[PDB]
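As stored in entry.pdb (PDB, C-alpha atoms):
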```pdb
ATOM      1  CA  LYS A   3     -14.110 -41.759 182.022
ATOM      2  CA  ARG A   4     -11.753 -44.329 180.449
ATOM      3  CA  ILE A   5     -10.485 -44.318 176.880
ATOM      4  CA  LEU A   6      -8.335 -47.029 175.388
ATOM      5  CA  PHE A   7      -5.853 -46.022 172.726
ATOM      6  CA  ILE A   8      -4.742 -48.560 170.116
ATOM      7  CA  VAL A   9      -1.800 -47.778 167.832
ATOM      8  CA  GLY A  10      -1.476 -49.649 164.542
ATOM      9  CA  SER A  11       2.311 -49.758 164.960
ATOM     10  CA  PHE A  12       4.831 -51.445 167.255
ATOM     11  CA  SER A  13       7.696 -49.056 166.524
ATOM     12  CA  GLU A  14       8.541 -46.508 169.182
ATOM     13  CA  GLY A  15       8.806 -43.522 166.858
ATOM     14  CA  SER A  16       5.698 -44.196 164.788
ATOM     15  CA  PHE A  17       4.099 -41.025 163.386
ATOM     16  CA  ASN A  18       0.783 -42.528 164.459
ATOM     17  CA  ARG A  19       1.989 -43.040 168.035
ATOM     18  CA  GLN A  20       3.135 -39.419 167.961
ATOM     19  CA  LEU A  21      -0.340 -38.373 166.800
ATOM     20  CA  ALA A  22      -1.728 -40.513 169.620
ATOM     21  CA  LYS A  23       0.368 -38.645 172.180
ATOM     22  CA  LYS A  24      -1.040 -35.320 170.952
ATOM     23  CA  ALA A  25      -4.567 -36.680 171.174
ATOM     24  CA  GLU A  26      -3.928 -37.993 174.698
ATOM     25  CA  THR A  27      -2.838 -34.454 175.602
ATOM     26  CA  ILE A  28      -5.689 -32.471 174.068
ATOM     27  CA  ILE A  29      -8.116 -34.345 176.326
ATOM     28  CA  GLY A  30      -5.823 -34.062 179.303
ATOM     29  CA  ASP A  31      -7.925 -34.929 182.331
ATOM     30  CA  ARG A  32     -11.366 -34.959 180.691
ATOM     31  CA  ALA A  33     -10.682 -38.704 180.432
ATOM     32  CA  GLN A  34      -8.276 -41.356 181.639
ATOM     33  CA  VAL A  35      -6.272 -42.482 178.583
ATOM     34  CA  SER A  36      -4.386 -45.768 178.424
ATOM     35  CA  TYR A  37      -2.603 -47.629 175.615
ATOM     36  CA  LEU A  38      -3.221 -51.244 174.582
ATOM     37  CA  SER A  39      -0.272 -53.620 174.275
ATOM     38  CA  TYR A  40      -0.809 -56.440 171.786
ATOM     39  CA  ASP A  41       2.706 -56.929 170.392
ATOM     40  CA  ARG A  42       2.272 -60.718 170.761
ATOM     41  CA  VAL A  43      -1.093 -62.226 169.897
ATOM     42  CA  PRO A  44      -1.645 -65.686 168.432
ATOM     43  CA  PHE A  45      -2.449 -65.871 164.743
ATOM     44  CA  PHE A  46      -6.234 -66.216 164.782
ATOM     45  CA  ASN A  47      -7.854 -69.484 163.749
ATOM     46  CA  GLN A  48     -11.140 -71.167 164.731
ATOM     47  CA  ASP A  49      -9.620 -74.466 165.883
ATOM     48  CA  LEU A  50      -7.983 -72.489 168.705
ATOM     49  CA  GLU A  51     -11.091 -70.802 170.075
ATOM     50  CA  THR A  52     -11.669 -73.455 172.739
ATOM     51  CA  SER A  53      -8.199 -72.664 174.116
ATOM     52  CA  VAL A  54      -7.195 -69.871 176.486
ATOM     53  CA  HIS A  55      -4.675 -67.347 175.194
ATOM     54  CA  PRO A  56      -3.505 -64.858 177.903
ATOM     55  CA  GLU A  57      -2.674 -62.068 175.448
ATOM     56  CA  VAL A  58      -6.235 -62.365 174.094
ATOM     57  CA  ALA A  59      -7.927 -62.532 177.495
ATOM     58  CA  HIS A  60      -5.884 -59.395 178.327
ATOM     59  CA  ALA A  61      -7.030 -57.259 175.397
ATOM     60  CA  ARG A  62     -10.612 -58.437 175.974
ATOM     61  CA  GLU A  63     -10.772 -56.982 179.497
ATOM     62  CA  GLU A  64      -9.019 -53.772 178.511
ATOM     63  CA  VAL A  65     -11.786 -53.174 175.944
ATOM     64  CA  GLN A  66     -14.470 -54.270 178.371
ATOM     65  CA  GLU A  67     -13.269 -51.806 181.040
ATOM     66  CA  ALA A  68     -12.966 -48.910 178.571
ATOM     67  CA  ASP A  69     -15.756 -46.417 177.879
ATOM     68  CA  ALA A  70     -14.453 -45.799 174.370
ATOM     69  CA  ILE A  71     -11.633 -46.664 171.988
ATOM     70  CA  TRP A  72      -9.486 -44.544 169.703
ATOM     71  CA  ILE A  73      -7.433 -46.157 166.953
ATOM     72  CA  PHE A  74      -4.433 -44.314 165.497
ATOM     73  CA  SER A  75      -3.208 -46.524 162.677
ATOM     74  CA  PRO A  76      -1.144 -46.346 159.499
ATOM     75  CA  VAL A  77      -2.433 -47.685 156.201
ATOM     76  CA  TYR A  78      -0.587 -50.505 154.496
ATOM     77  CA  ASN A  79      -1.389 -50.889 150.795
ATOM     78  CA  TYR A  80      -4.711 -49.089 151.445
ATOM     79  CA  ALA A  81      -5.699 -51.541 154.173
ATOM     80  CA  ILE A  82      -5.942 -51.990 157.914
ATOM     81  CA  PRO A  83      -2.574 -53.106 159.366
ATOM     82  CA  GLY A  84      -2.435 -56.882 159.608
ATOM     83  CA  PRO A  85      -1.869 -57.070 163.399
ATOM     84  CA  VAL A  86      -4.879 -54.817 163.922
ATOM     85  CA  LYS A  87      -7.245 -56.932 161.796
ATOM     86  CA  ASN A  88      -5.998 -60.051 163.556
ATOM     87  CA  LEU A  89      -6.661 -58.376 166.925
ATOM     88  CA  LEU A  90     -10.191 -57.475 165.839
ATOM     89  CA  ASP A  91     -10.717 -61.026 164.594
ATOM     90  CA  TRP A  92     -10.253 -62.167 168.200
ATOM     91  CA  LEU A  93     -12.082 -59.287 169.947
ATOM     92  CA  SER A  94     -15.098 -59.708 167.665
ATOM     93  CA  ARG A  95     -15.621 -63.301 168.812
ATOM     94  CA  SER A  96     -18.642 -64.183 170.955
ATOM     95  CA  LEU A  97     -17.975 -63.923 174.686
ATOM     96  CA  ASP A  98     -19.881 -67.182 175.135
ATOM     97  CA  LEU A  99     -18.667 -70.518 173.712
ATOM     98  CA  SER A 100     -22.204 -71.860 174.164
ATOM     99  CA  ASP A 101     -23.532 -69.150 171.984
ATOM    100  CA  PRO A 102     -21.533 -68.597 168.736
ATOM    101  CA  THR A 103     -24.110 -65.959 167.738
ATOM    102  CA  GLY A 104     -23.759 -63.964 170.958
ATOM    103  CA  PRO A 105     -22.199 -60.485 171.484
ATOM    104  CA  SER A 106     -18.430 -59.905 171.746
ATOM    105  CA  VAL A 107     -16.674 -57.282 173.899
ATOM    106  CA  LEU A 108     -17.033 -54.941 170.901
ATOM    107  CA  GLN A 109     -20.827 -54.823 171.260
ATOM    108  CA  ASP A 110     -21.937 -51.175 171.192
ATOM    109  CA  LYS A 111     -18.395 -49.930 172.031
ATOM    110  CA  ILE A 112     -17.863 -46.316 171.054
ATOM    111  CA  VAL A 113     -14.915 -46.015 168.733
ATOM    112  CA  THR A 114     -13.251 -43.538 166.373
ATOM    113  CA  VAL A 115     -10.138 -43.471 164.157
ATOM    114  CA  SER A 116      -7.242 -41.180 163.170
ATOM    115  CA  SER A 117      -4.360 -41.954 160.808
ATOM    116  CA  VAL A 118      -1.091 -40.318 159.713
ATOM    117  CA  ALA A 119      -0.272 -40.879 156.042
ATOM    118  CA  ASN A 120      -0.816 -39.494 152.556
ATOM    119  CA  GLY A 121      -3.826 -40.826 150.643
ATOM    120  CA  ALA A 122      -6.967 -39.588 148.862
ATOM    121  CA  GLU A 126      -9.812 -44.086 150.827
ATOM    122  CA  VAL A 127      -7.923 -43.736 154.077
ATOM    123  CA  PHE A 128     -10.797 -44.648 156.410
ATOM    124  CA  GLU A 129     -12.995 -46.692 154.044
ATOM    125  CA  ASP A 130     -11.882 -49.996 155.568
ATOM    126  CA  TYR A 131     -12.610 -48.919 159.128
ATOM    127  CA  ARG A 132     -15.943 -47.269 158.264
ATOM    128  CA  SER A 133     -17.245 -50.571 156.902
ATOM    129  CA  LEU A 134     -15.699 -52.986 159.425
ATOM    130  CA  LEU A 135     -15.979 -51.341 162.849
ATOM    131  CA  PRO A 136     -19.773 -50.848 162.592
ATOM    132  CA  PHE A 137     -20.209 -54.353 161.162
ATOM    133  CA  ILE A 138     -18.576 -55.961 164.203
ATOM    134  CA  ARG A 139     -21.200 -54.158 166.295
ATOM    135  CA  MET A 140     -19.305 -51.069 167.439
ATOM    136  CA  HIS A 141     -20.567 -47.494 167.504
ATOM    137  CA  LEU A 142     -18.393 -45.460 165.147
ATOM    138  CA  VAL A 143     -18.080 -41.723 165.828
ATOM    139  CA  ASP A 144     -17.572 -40.812 162.164
ATOM    140  CA  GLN A 145     -15.414 -37.659 162.622
ATOM    141  CA  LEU A 146     -12.151 -39.159 161.397
ATOM    142  CA  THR A 147      -9.002 -37.020 161.200
ATOM    143  CA  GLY A 148      -6.390 -37.914 158.588
ATOM    144  CA  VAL A 149      -3.017 -36.201 159.072
ATOM    145  CA  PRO A 150      -0.326 -35.985 156.345
ATOM    146  CA  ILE A 151       3.410 -36.225 156.980
ATOM    147  CA  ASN A 152       5.462 -33.024 156.855
ATOM    148  CA  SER A 153       8.605 -33.420 154.706
ATOM    149  CA  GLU A 154      10.821 -32.387 157.636
ATOM    150  CA  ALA A 155       9.779 -35.340 159.788
ATOM    151  CA  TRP A 156      11.645 -37.556 157.313
ATOM    152  CA  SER A 157      14.982 -36.294 158.667
ATOM    153  CA  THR A 158      14.097 -35.129 162.203
ATOM    154  CA  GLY A 159      11.759 -38.073 162.756
ATOM    155  CA  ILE A 160       9.258 -35.701 164.322
ATOM    156  CA  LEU A 161       5.700 -35.162 163.076
ATOM    157  CA  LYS A 162       4.381 -31.612 162.750
ATOM    158  CA  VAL A 163       0.623 -31.006 162.569
ATOM    159  CA  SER A 164      -0.885 -27.824 161.143
ATOM    160  CA  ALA A 165      -3.184 -25.819 163.403
ATOM    161  CA  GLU A 166      -6.071 -26.554 161.095
ATOM    162  CA  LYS A 167      -5.501 -30.301 161.369
ATOM    163  CA  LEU A 168      -4.891 -29.978 165.084
ATOM    164  CA  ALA A 169      -8.376 -28.402 165.226
ATOM    165  CA  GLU A 170      -9.945 -31.405 163.526
ATOM    166  CA  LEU A 171      -8.254 -33.656 166.048
ATOM    167  CA  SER A 172      -9.485 -31.670 169.059
ATOM    168  CA  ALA A 173     -13.019 -31.514 167.637
ATOM    169  CA  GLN A 174     -12.805 -35.258 167.002
ATOM    170  CA  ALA A 175     -11.757 -35.700 170.628
ATOM    171  CA  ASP A 176     -14.789 -33.612 171.562
ATOM    172  CA  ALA A 177     -17.246 -35.564 169.439
ATOM    173  CA  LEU A 178     -15.858 -38.720 171.094
ATOM    174  CA  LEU A 179     -16.316 -37.272 174.603
ATOM    175  CA  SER A 180     -19.898 -36.237 173.858
ATOM    176  CA  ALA A 181     -20.844 -39.660 172.459
ATOM    177  CA  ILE A 182     -19.654 -41.107 175.617
ATOM    178  CA  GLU A 183     -21.671 -38.480 177.341
ATOM    179  CA  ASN A 184     -25.028 -39.194 175.721
TER     180      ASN A 184
END
```

Please lay out the structure from this file as structure tokens.
Amino acid sequence: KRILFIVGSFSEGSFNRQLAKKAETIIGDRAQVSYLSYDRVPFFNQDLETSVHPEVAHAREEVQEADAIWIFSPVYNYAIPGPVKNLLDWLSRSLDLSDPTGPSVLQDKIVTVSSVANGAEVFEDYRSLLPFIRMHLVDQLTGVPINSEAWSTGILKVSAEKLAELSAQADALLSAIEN
């Protein structure tokens, strides 16, 4: 198996990247995890679609080679992080320039999401968008809050109950890929 991890943060100590490391570990060898680098991607715009952008061609293959995708992203003002939406705006484009209404690399891709923040409304955005751009959303999303100690140690601590959700979520994702 192959699972691509996408972190909605570019910082090295992100609480969501830390959650992503724990997820990568709870699956261990059941699947080959890898992280997507998209630090630099052109601002999307239609007039540029006839042009080749390396960073975009890159992400496209990574998603094409992957069996599934797991997004660990923070929420900014209740929404999907800008850089993530912009990435999806490119990945959701038709693979054929002859056929604007054709399928993108996201067609039927199994995907699921986890986030580390404090909100009621956390995954509403993703639940509506990911399925709309033709992906298959494993709707077992784990939302993890931030322990008040992490604010000074910079280290995220997850309860055992939440850690259970995350492992079950990793299991639901492995089964979907199985079926």

Which of A:84, A:51, A:68, A:24 sits closest to residue 36 of chain A [using only C-alpha atoms]: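 Smallest separation from residue 36 of chain A among the options: A:68.
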
To one decimal place, how far is atom CA of residue 160 of chain A from atom CA of residue 79 of chain A in Å?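 Taking atom CA of residue 160 of chain A and atom CA of residue 79 of chain A, their separation equals 23.0 Å.
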
Counting all atoms listed in the file, which residues come within 12 Å of (9.0, -40.5, 167.1), with the point read in the file's coordinates, and could you list them as a list in words?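 The residues near that point, listed by chain and number, are residues 11, 12, 13, 14, 15, 16, 17, 18, 19, 20, 21, 22, 23, 24, 155, 156, 157, 158, 159, 160, 161 and 162 of chain A.
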
Expressed in Å to a single decimal, how great is the separation between atom CA of residue 92 of chain A and atom CA of residue 178 of chain A?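 Those two atoms sit 24.3 Å apart.
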
Carefully work through the PyMOL selection byres ((chain A and resi 4) around 9) for this structure and note down the residues it includes, as a list in words. residues 3, 5, 6, 33, 34, 35, 36, 67, 68, 69, 70 and 71 of chain A

For atom CA of residue 164 of chain A and atom CA of residue 146 of chain A, the interatomic separation in Å (one decimal):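 Separating atom CA of residue 164 of chain A from atom CA of residue 146 of chain A is a distance of 16.0 Å.
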
What's around residue 128 of chain A at 9 Å? Count all atoms listed in the file, leave out sequence neighbours fewer than 2 positions away in its own chain, and write the answer as a VMD selection string. chain A and resid 77 81 to 82 115 to 117 126 130 to 133 146 148

If you count all atoms listed in the file, which residues fall within 7 Å of residue 106 of chain A, apart from same-chain ones fewer than 6 positions away, as a CSV table (one decimal) with C-alpha atoms, keeping the file's coordinate frame?
```csv
chain,number,residue,atom,x,y,z
A,93,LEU,CA,-12.1,-59.3,169.9
A,94,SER,CA,-15.1,-59.7,167.7
A,95,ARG,CA,-15.6,-63.3,168.8
A,96,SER,CA,-18.6,-64.2,171.0
A,97,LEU,CA,-18.0,-63.9,174.7
```

Find the residue from A:119, A:50, A:169, A:43 that sits nearest to residue 25 of chain A; use only C-alpha atoms when measuring.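 Checking each candidate against residue 25 of chain A, we get A:169 as the closest.
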
With distances taken over all atoms listed in the file, which of A:39, A:76, A:29, A:175 is nearest to residue 60 of chain A? A:39

If the PyMOL selection byres ((chain A and resi 142) around 8) is run on the structure shown, which residues does it catch, given as a CSV table (one decimal) with C-alpha atoms, in the frame of the given file?
```
chain,number,residue,atom,x,y,z
A,112,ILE,CA,-17.9,-46.3,171.1
A,113,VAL,CA,-14.9,-46.0,168.7
A,114,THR,CA,-13.3,-43.5,166.4
A,132,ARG,CA,-15.9,-47.3,158.3
A,135,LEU,CA,-16.0,-51.3,162.8
A,136,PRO,CA,-19.8,-50.8,162.6
A,140,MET,CA,-19.3,-51.1,167.4
A,141,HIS,CA,-20.6,-47.5,167.5
A,143,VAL,CA,-18.1,-41.7,165.8
A,144,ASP,CA,-17.6,-40.8,162.2
```

Rank A:78, A:83, A:127, A:42 by their smallest atom-to-atom distance to residue 55 of chain A, using all atoms listed in the file, and report the top residue only.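 When distances to residue 55 of chain A are compared using all atoms listed in the file, the smallest one comes from A:42.
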
Between A:105, A:37, A:166, A:66, which has the minimum distance to residue 9 of chain A (counting only C-alpha atoms)?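 Smallest separation from residue 9 of chain A among the options: A:37.
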
Using all atoms listed in the file, can you tell me which of A:163, A:118, A:8, A:171 comes closest to residue 89 of chain A?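 So, comparing all the options, the nearest one is A:8.
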